[PDB]
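J.: Need a 3D model of the sequence below.
(chains A and B)
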Amino acid sequence: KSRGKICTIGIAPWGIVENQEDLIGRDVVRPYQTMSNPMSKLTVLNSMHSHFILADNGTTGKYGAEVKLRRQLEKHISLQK
Amino acid sequence: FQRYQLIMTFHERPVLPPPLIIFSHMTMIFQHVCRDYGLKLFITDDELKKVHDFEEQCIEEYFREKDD
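T.: Residues are numbered from 1 along each chain as shown, chains lettered A, B, ... in the order given. I have put the structure below:
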(Lines give C-alpha, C1' and ligand atoms only; values in the text may rest on other atoms or scores of the structure.)
Protein backbone atom coordinates (compact mmCIF):
# COMPACT_ATOMS: atom_id res chain seq x y z
CA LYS A 1 0.00 0.00 0.00
CA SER A 2 2.85 2.46 0.62
CA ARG A 3 6.15 3.56 -0.92
CA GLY A 4 9.53 3.53 0.79
CA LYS A 5 11.61 0.78 2.38
CA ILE A 6 12.14 -0.29 5.99
CA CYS A 7 15.67 -1.22 7.05
CA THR A 8 14.78 -4.46 8.82
CA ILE A 9 17.90 -6.35 9.93
CA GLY A 10 17.86 -9.97 11.06
CA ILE A 11 20.56 -11.42 13.31
CA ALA A 12 20.00 -15.18 13.20
CA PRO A 13 22.20 -18.16 14.11
CA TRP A 14 23.57 -20.10 11.16
CA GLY A 15 22.63 -23.49 12.60
CA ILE A 16 18.84 -23.08 12.37
CA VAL A 17 18.35 -22.23 8.67
CA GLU A 18 16.60 -24.97 6.70
CA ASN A 19 19.30 -24.82 3.99
CA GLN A 20 22.86 -24.35 5.22
CA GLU A 21 23.71 -24.99 1.57
CA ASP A 22 22.37 -22.93 -1.36
CA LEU A 23 23.96 -19.85 0.27
CA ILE A 24 27.70 -20.55 -0.09
CA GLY A 25 28.00 -18.52 -3.29
CA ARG A 26 30.25 -15.57 -2.52
CA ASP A 27 29.06 -12.23 -3.98
CA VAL A 28 26.53 -13.88 -6.28
CA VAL A 29 22.74 -14.12 -6.24
CA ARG A 30 21.60 -17.41 -4.71
CA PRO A 31 17.92 -18.41 -5.05
CA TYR A 32 16.20 -19.38 -1.81
CA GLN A 33 12.97 -21.28 -1.17
CA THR A 34 10.35 -20.13 1.34
CA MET A 35 8.62 -23.53 1.43
CA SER A 36 8.46 -24.87 4.99
CA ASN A 37 8.94 -28.57 5.74
CA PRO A 38 7.54 -29.34 9.23
CA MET A 39 9.58 -32.56 9.50
CA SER A 40 12.93 -30.89 8.75
CA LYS A 41 13.34 -29.91 12.45
CA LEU A 42 14.56 -26.45 11.38
CA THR A 43 13.03 -23.16 10.21
CA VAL A 44 13.19 -21.10 7.03
CA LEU A 45 14.65 -17.62 6.77
CA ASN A 46 11.92 -15.01 7.11
CA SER A 47 11.42 -12.97 3.95
CA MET A 48 10.65 -9.23 3.84
CA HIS A 49 13.94 -8.54 5.65
CA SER A 50 16.41 -6.11 4.11
CA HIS A 51 19.63 -7.58 5.52
CA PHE A 52 20.83 -10.62 7.46
CA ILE A 53 23.75 -11.19 9.85
CA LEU A 54 24.27 -14.96 10.13
CA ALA A 55 26.44 -15.69 13.18
CA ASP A 56 27.74 -19.20 13.85
CA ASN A 57 29.45 -20.69 16.91
CA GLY A 58 30.28 -23.92 15.07
CA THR A 59 27.25 -25.92 16.24
CA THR A 60 24.09 -26.79 14.29
CA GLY A 61 20.48 -26.97 15.44
CA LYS A 62 20.74 -24.84 18.59
CA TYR A 63 20.33 -21.17 19.49
CA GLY A 64 22.46 -18.89 21.65
CA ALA A 65 24.99 -17.82 19.00
CA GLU A 66 23.54 -14.35 18.32
CA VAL A 67 22.21 -12.81 21.56
CA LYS A 68 25.58 -11.54 22.80
CA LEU A 69 26.60 -10.25 19.36
CA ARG A 70 23.27 -8.46 18.94
CA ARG A 71 23.57 -6.83 22.37
CA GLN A 72 27.16 -5.76 21.67
CA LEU A 73 26.13 -4.25 18.33
CA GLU A 74 23.26 -2.40 20.00
CA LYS A 75 25.66 -1.04 22.64
CA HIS A 76 28.16 0.08 20.00
CA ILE A 77 25.54 1.76 17.80
CA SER A 78 23.94 3.46 20.82
CA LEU A 79 27.21 5.25 21.57
CA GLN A 80 27.50 6.31 17.92
CA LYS A 81 27.06 10.03 17.41
CA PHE B 1 4.83 6.34 -36.79
CA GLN B 2 6.44 6.48 -40.25
CA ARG B 3 9.45 8.42 -38.93
CA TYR B 4 10.84 5.03 -37.85
CA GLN B 5 10.56 3.57 -41.35
CA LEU B 6 12.21 6.66 -42.82
CA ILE B 7 15.13 6.44 -40.39
CA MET B 8 15.58 2.71 -40.96
CA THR B 9 15.46 2.93 -44.75
CA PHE B 10 18.04 5.72 -44.74
CA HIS B 11 20.21 3.78 -42.28
CA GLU B 12 20.22 0.72 -44.55
CA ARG B 13 20.97 2.74 -47.72
CA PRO B 14 24.49 3.12 -49.16
CA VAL B 15 26.48 6.33 -48.78
CA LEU B 16 26.77 7.60 -52.35
CA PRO B 17 23.68 9.12 -54.02
CA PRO B 18 22.16 7.52 -57.15
CA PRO B 19 24.15 9.70 -59.61
CA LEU B 20 27.34 8.02 -58.35
CA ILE B 21 25.94 4.97 -56.53
CA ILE B 22 27.24 2.68 -59.27
CA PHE B 23 30.56 2.59 -57.39
CA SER B 24 28.82 1.32 -54.24
CA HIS B 25 27.03 -1.35 -56.29
CA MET B 26 30.28 -2.78 -57.68
CA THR B 27 31.81 -3.06 -54.21
CA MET B 28 28.89 -5.23 -53.09
CA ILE B 29 29.68 -7.61 -55.95
CA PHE B 30 33.37 -7.61 -54.98
CA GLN B 31 32.48 -8.23 -51.32
CA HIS B 32 30.03 -10.96 -52.37
CA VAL B 33 32.89 -13.44 -52.88
CA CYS B 34 34.10 -12.92 -49.30
CA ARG B 35 24.50 -3.56 -35.90
CA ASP B 36 26.22 -1.90 -32.94
CA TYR B 37 23.66 0.92 -33.12
CA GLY B 38 20.97 2.02 -35.52
CA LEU B 39 19.02 -1.18 -34.90
CA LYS B 40 20.04 -2.64 -31.53
CA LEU B 41 22.20 -2.06 -28.45
CA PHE B 42 24.24 -4.87 -26.91
CA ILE B 43 24.95 -4.63 -23.17
CA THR B 44 26.73 -6.74 -20.58
CA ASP B 45 25.16 -8.76 -17.77
CA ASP B 46 25.49 -6.01 -15.15
CA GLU B 47 23.65 -3.56 -17.40
CA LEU B 48 21.01 -6.20 -18.15
CA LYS B 49 20.49 -6.81 -14.42
CA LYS B 50 20.20 -3.07 -13.76
CA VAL B 51 17.70 -2.71 -16.62
CA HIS B 52 15.62 -5.60 -15.25
CA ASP B 53 15.60 -4.08 -11.75
CA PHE B 54 14.59 -0.69 -13.17
CA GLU B 55 11.75 -2.27 -15.16
CA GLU B 56 10.45 -4.17 -12.12
CA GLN B 57 10.55 -0.96 -10.07
CA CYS B 58 8.66 0.88 -12.81
CA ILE B 59 5.92 -1.74 -13.13
CA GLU B 60 5.37 -2.03 -9.37
CA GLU B 61 5.25 1.77 -9.10
CA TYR B 62 2.73 1.86 -11.95
CA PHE B 63 0.45 -0.68 -10.27
CA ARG B 64 0.72 1.09 -6.91
CA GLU B 65 -0.14 4.45 -8.49
CA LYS B 66 -3.07 2.92 -10.38
CA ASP B 67 -4.49 1.37 -7.20
CA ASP B 68 -4.03 4.58 -5.21
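J.: C-alpha only now, for contacts and for neighbours.
T.: Noted.
J.: Show me the strands in chain B, by range?
T.: Here chain B has no strands by DSSP state E.
J.: Nearest the middle, which residue of it would you pick?
T.: Nearest to the geometric centre of chain B sits residue B:39, at 1.7 Å (CA atoms, centre = their mean).
J.: Skipping adjacent residues, who's closest to that residue in space?
T.: Leaving aside its sequence neighbours, residue B:39 sits nearest to residue B:8 (CA to CA, 6 or more residues apart in numbering or on different chains; 8.0 Å).
J.: Output the contacting helices and strands for the helix ranked longest in chain B.
T.: For chain B, the longest helix by residue count, based on DSSP state H, is helix B:45-67. Helix B:45-67 sits against no helix or strand, with contacts defined as 3 or more CA pairs under 8 Å, 6 or more residues apart in numbering or on different chains; DSSP states H and E.
J.: Now find how far off-centre it is within its chain.
T.: Centroid separation for helix B:45-67 versus its chain: 22 Å, with CA atoms, centre = their mean, to the nearest Å.
J.: Same check on stretch B:8-25?
T.: 19 Å.
J.: burial count for residue 42?
T.: Assuming you mean chain A. 17 (other CA atoms under 10 Å in any protein chain shown).
J.: I was after chain B.
T.: 10.
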